[PDB]
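Below: the structure, in structure tokens.
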Amino acid sequence: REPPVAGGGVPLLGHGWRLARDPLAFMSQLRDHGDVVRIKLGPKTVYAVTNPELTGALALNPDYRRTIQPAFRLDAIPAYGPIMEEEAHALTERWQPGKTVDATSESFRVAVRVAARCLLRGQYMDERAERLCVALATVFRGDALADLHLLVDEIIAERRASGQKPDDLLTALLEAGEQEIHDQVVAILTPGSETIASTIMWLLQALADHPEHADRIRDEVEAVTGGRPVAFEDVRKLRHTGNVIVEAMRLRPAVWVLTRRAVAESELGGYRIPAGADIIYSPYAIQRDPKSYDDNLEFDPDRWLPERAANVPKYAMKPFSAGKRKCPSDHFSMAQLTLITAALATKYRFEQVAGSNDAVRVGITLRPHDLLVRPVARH
Ligand code: HEM
């Protein structure tokens, strides 16, 4: 039993400084300092787990509301399918060749609408929800909140009329506290939207930077779909489309850090994690770690090919985690992302507008500072 090794920082806020200068770089660095190292954020110490084996142990160990399970299981997503198809193909018209797409603005919107319309059905939260959620997300980076609370309440009050078959979360949430619901709703929809949105931005970036897969995706879709606009059933066949998304998520994951708190004194990789300790780890660094991945920084959707897939460590690619603090929408996420990607790559070809700033901006989630793309007519 040995305590973790310290890294290298300054006076009042040791690692706090190297951390703020370049979060992403700091996290990828930690990796070599050892499987687990101790870093000081100002006065308090935190533990950093940088190994795929210990990070899995970290998420699967409970030492760090099934209500929600019935709305996100694989069985409740085939029912959301229509709204997913609907929202996707609607983007396909909404965007037209020649006009640049404002990724931040447009990705955030598709995100809110898919989430809100599948997880809630009826009186539309159309642009109102989007805007409130917009003004808010920007407050974080560097009259909306009220509306958000206003609308969340008002919307709940309307399903109270007739919400018979609504297998959505809202009805799942109404059959388990008065304000607890309003909060468990506001709490689930908020992150999930910004999260899927940031992911969409990187997908748009992938389709413009790699026309080869963009089209390969169009080929795979046309085969399966014939010509009919892609549908849920189709998504379960579009393999390549799925690989592109994973590969894009691996190199640029919306959630790049994760935290845990030790309840009981623990042991990890032969190291002693003090009871009540604050621990941290970066899916970002794990997914881009040379010891886990062959072509470490090479966009390659085909590394997820059976043969090479098995070459990569067990928990080295876990955009969502394993234990209960996992992502309920893992199925619901990939399902809408797959649909939107296939719908977009089939109809279009993407190109980045000169002046586009696809540089990563580290905030709540990782996202491109100012990605500008233009859909070009494919066939
Ligand atoms: C861009 C795709 C997504 C990714 C990569 C993702 C990833 C994650 C991760 C890594 C966690 C927690 C892990 C931890 O701290 O232990 C989480 C939690 C959660 N996510 Fe997702 N997520 C995505 C989309 C969504 C969507 C669309 C929703 C629904 C609006 C959603 C709702 C939630 C909820 C409610 C939790 C909390 C679970 C708990 O309390 O244990 N997520 N997600």
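Quick note: numbers below take in every heavy atom, side chains included, and nothing from hydrogens, waters or symmetry partners. Sequence positions, counted from 1, serve as the residue numbers for this chain. First listed ligand is number 1; within each ligand, the first listed atom is number 1.
Screening residues 306-331 for salt bridge (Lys or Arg N to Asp or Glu O under 4.0 Å), with sequence neighbours left out, gives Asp300-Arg308. Residues in residues 144-153 take part in these salt bridge (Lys or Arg N to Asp or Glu O under 4.0 Å) pairs, two or more places apart or across chains: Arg128-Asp147.
Remark: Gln179 CD is loosely packed, at most 12 non-hydrogen atoms of other residues, nucleotides or ligands lying under 6.0 Å away.
For ligand 1, residues of the protein lying within 4.0 angstrom by heavy-atom distance are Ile188, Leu189, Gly192, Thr195, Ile196, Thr199, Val255, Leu258, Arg260, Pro319, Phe320, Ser321, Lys324, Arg325, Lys326, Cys327, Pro328, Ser329, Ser333.
Side-chain contacts under 4.5 Å among hydrophobic residues (ILVMFWY), followed directly or transitively, place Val10 together with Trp17.
Looking at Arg109 and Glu106, no side-chain N of the basic residue comes within less than 4.0 Å of a carboxylate O on the acidic one, giving no salt bridge.
The side-chain heavy atoms of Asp209 and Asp358, taken from C-beta on, include a pair separated by under 4.5 Å.
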